[PDB]
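Input: a single structure, listed below in structure tokens.
2 protein chains.
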Amino acid sequence: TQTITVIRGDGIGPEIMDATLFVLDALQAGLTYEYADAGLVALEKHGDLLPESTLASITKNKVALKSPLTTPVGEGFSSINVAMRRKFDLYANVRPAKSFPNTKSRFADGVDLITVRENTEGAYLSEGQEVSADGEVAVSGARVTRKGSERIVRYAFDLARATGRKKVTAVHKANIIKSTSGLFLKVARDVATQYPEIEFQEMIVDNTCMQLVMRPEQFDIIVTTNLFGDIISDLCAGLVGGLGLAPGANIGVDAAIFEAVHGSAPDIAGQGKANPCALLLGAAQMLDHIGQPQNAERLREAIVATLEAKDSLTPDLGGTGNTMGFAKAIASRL
Amino acid sequence: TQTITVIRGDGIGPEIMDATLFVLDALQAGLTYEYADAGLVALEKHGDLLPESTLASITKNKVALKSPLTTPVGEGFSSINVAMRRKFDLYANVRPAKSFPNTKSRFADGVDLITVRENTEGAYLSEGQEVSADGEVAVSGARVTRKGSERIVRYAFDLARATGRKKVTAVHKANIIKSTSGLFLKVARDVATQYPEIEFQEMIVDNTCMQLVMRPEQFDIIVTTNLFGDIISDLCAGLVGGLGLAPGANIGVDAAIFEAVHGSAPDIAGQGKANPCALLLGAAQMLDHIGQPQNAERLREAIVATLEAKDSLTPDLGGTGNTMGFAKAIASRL
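Line by line, the protein sequences are chains A and B.
Note that the numbering used here has the first sequence beginning at 846, numbered continuously upward.
Note that the numbering used here has the second sequence beginning at 846, numbered continuously upward.
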């Protein structure tokens, strides 16, 4: 057995988590669920968007499955995902982009890639930002370290080995930003030598984005620095229809958090209309992470086959089914 | 009349410049040509990849049309385009992306946008780059100024007015990189108030790249900082088939240089196979810049119509025509 922390969340969160846990049970993933509060429900009932008991649950179990959360506006609330990243040193932001039939387009299918984005350093740090008093000159910084580069590239290669993928492409601008991006590329080359059967490719970031729109089928795993990974993961979402079906993970040494990328959609909450596919695919990522890749693949192919058959699809996809009915149609093809 | 500096260049350069000048004469653009050397031919014949007489020609005429150049490898030669940018303070890197029929795909057409990239500051500066002696820590910097932001955004809006376009989208990451990207966005908003009939849009860079792959038709002029503009212009090239047909300009206060983005292709030099469309479209940009937008549009629609009719196309496009024959077919539809 293994226990995971489950955050049911806000809006459509509870409905799609119910559906996801149904499919996980139908897979016989062997998991048990421990529930924790975050977001609106925590704020109302425990005084904090992110209570220490939930942090302790995640610390103990090291794996969390997280529905979307609502954070109120206008009250100075801090980003929950940022707080978790700082708390658990979640250095790998991992975003799969995969083609599915009948899910809107840029069609032609065949996209099946993962963007591994370094998420603790690079160009997105708070440190180094200042504007002069007269408002004329702004500066910002970037920091790349051997330690931070080594761990993100090792993660990418370990992911390749753990899921049966065959190529890692390191994306950089080392010709121009020689110090930081050059150190990232030097480290990536060094790490690649430790994984002889995984093809290693280097590609400049501008050419990478051109190639992603001309032939995204050529990519397998992409690994890159913080800002570049932000950009590339959202580009790739556009290749496969957008953010409505997108899973995500944020992974560190002693904790990993799996989710849907989309928000809590409170307008349709409780109506059984929400599409559970994104969170299901986040649970597939979780299964890959905890060592059940065969079940992750069973789940992804069942989703493909259910979409091909148009069996009990939710209204966002032109069907008249409901969240749980869609989940049950998926589970029937496992 | 007006005189422009013409650089015939290396490889296919002379052939495609001959064809371009033929079309410009057929347009009766009213130009006269002054020839200057750069690249291999200059190195052989005047001792320098970039002679001072060529710089003086550009200084005097303020407008240059430049074929591709070859720079030898292994001899420490400096980038010619970088030298020109520093010499003339060429702060606007301007890249049109337009759909043409029968030119390879990501098909469905309807793309017609321009990326205006700030090219003197931002995250691509040499200053601020250092690696610690032990190799563990690398740093790089970015600088954004009110002056530099004001001039690039003013250029974008002036371009809109000068060519009949209707929207400028400023692209940023001011939510995270608050100092530099935030100053860029603050300045862009301020400048936009001076152009009431040009729609102003703000968009975060990751969402922009997603939207460019889902519906590139929504964009008109995009203006952004140095690194972001590098990325977006190559993404956009991938929407319209790649770099083989791509024009470019680099523009400052007292000089402007217009070209094809592609290289000198020495393998097919002299054979009459080279496609002159990219340099022709660079000449269209030049015509927009010097105040003949009606002739730039005549040229672009003649290219569209020639491609639609499949009249004398070069082999890269599946025809059996030659460079000058393709140019003459274009000129017949002016």
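Beta carbons are placed, not taken as given, at the ideal position from N, Cα and C, and that holds for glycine.
So, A1174(A) versus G1166(A), is the Cβ gap smaller than 9 Å?
yes
**Message:** Please classify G1136(B) as buried or exposed, where buried requires at least 16 neighbouring CB atoms within 10 angstroms.
**Reply:** Looking at its Cβ environment, which holds fewer than 16 other Cβ atoms inside 10 Å, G1136(B) is exposed.
### Task
Tell me whether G986(A) is buried or exposed, calling it buried when 16 or more other Cβ atoms sit within 10 Å of its Cβ.
buried
_Using a 10 Å radius around the Cβ and a threshold of 16 neighbouring Cβ atoms, would you call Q1039(B) buried or exposed?_
exposed
Quiz item: Considering only the beta carbon of each residue, do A871(B) and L1179(B) sit closer than 9 Å?
Solution: Closer than 9 Å, so yes.
- Query: Along chain B, which residues have their Cβ under 9 Å away from the Cβ of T1038(A)?
  - Reply: In chain order: nothing, as chain B lies at least about 17 Å away.
Next on the checklist: Does the CB of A1141(B) have a neighbour CB from chain A at under 9 Å?
Outcome noted: no
Item to check | Spatial distance of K992(B) from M862(A) (CA atoms) | outcome: 51 Å
| field | Per-residue DSSP class, three states only, for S971(B) | value | coil
- Query: Which stretch, first to last residue, makes up the beta strand (DSSP E) that contains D957(B)?
  - Reply: 957-963
So, is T960(A) buried or exposed, given that buried needs 16 or more other C-beta atoms within 10 angstroms?
-> buried
Hey, quick one: how far does the alpha helix (DSSP H) through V1050(B) stretch, first residue to last?
1050-1059
9 Å is my cut-off, CB to CB: does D1099(B) come that close to chain C? Absent here is chain C; the protein component of the structure consists of chains A and B.
Could you check where the alpha helix (DSSP H) with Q847(B) kicks off and where it finishes?
Per DSSP, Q847(B) belongs to no alpha helix (DSSP H); it is in the beta strand (DSSP E), 847-852.
Measure from the alpha carbon of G1087(B) to the alpha carbon of each residue in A928(A), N947(A), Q1056(A), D1099(A), then state which is nearest. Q1056(A)
message: My output table needs one value for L910(A): the three-state DSSP class, helix, strand or coil.
response: strand
Tell me whether the stretch 1055-1072 of chain B and the stretch 997-1006 of chain B touch, counting them as touching only if at least three CB pairs, one residue from each stretch, are closer than 8 Å. yes
Report task. Name, going along the chain, the residues of the stretch 1080-1093 of chain A whose beta-carbon falls closer than 7 Å to a beta-carbon of chain B. Result -> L1080, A1082, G1083, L1084, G1087
Report task. Measuring only between beta-carbons, confirm whether residue 1180(B) sits less than 9 Å from chain A. Result -> For chain B, the structure presents residues 846 to 1179; residue 1180(B) sits outside this window and is missing.
Give a yes or no on whether the C-beta atoms belonging to residue 842(A) and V1016(A) are separated by under 9 Å. No answer is possible for residue 842(A): the residues shown for chain A start at 846 and end at 1179.
Q. For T1069(B), which of helix, strand or coil comes out of DSSP?
A. strand
Item checked: Those runs of the alpha helix (DSSP H) which lie wholly inside the stretch 994-1049 of chain A and span at least 4 residues -> Counting only runs of 4 or more, we get 1025-1037.
query = Curious, which full-length alpha helix (DSSP H) runs of at least 4 residues does the stretch 860-924 of chain A contain?
reply = 885-891, 897-906
Whole angstroms is fine: what's the gap from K905(A)'s alpha carbon to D1099(A)'s? One Cα belongs to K905(A), the other to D1099(A), and the distance between them is close to 9 Å.
Item to complete: Closer than 6 Å by C-beta to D855(A): which residues in its own chain qualify, once you throw out the five before and the five after it? Chain order, please.
Response: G884, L885, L914, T915, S1109
Beta-carbon contacts of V956(B) that lie in its chain and below 8 Å, excluding the five residues immediately before and after:
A942, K943, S944, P1061, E1062, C1081, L1084, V1085
Practice item. Starting from the beta carbon of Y969(B), find every residue of chain A whose beta carbon is closer than 9 Å, and list them in chain order. Key: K1018, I1021, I1022
>> With distance defined between alpha-carbon atoms, name the residue in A1172(A), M1169(A), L1158(A) nearest to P946(A).
In response: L1158(A)
### Message
For a cutoff of 9 Å on Cβ pairs, would you count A909(A) as touching chain B?
### Response
No, no contact with chain B.
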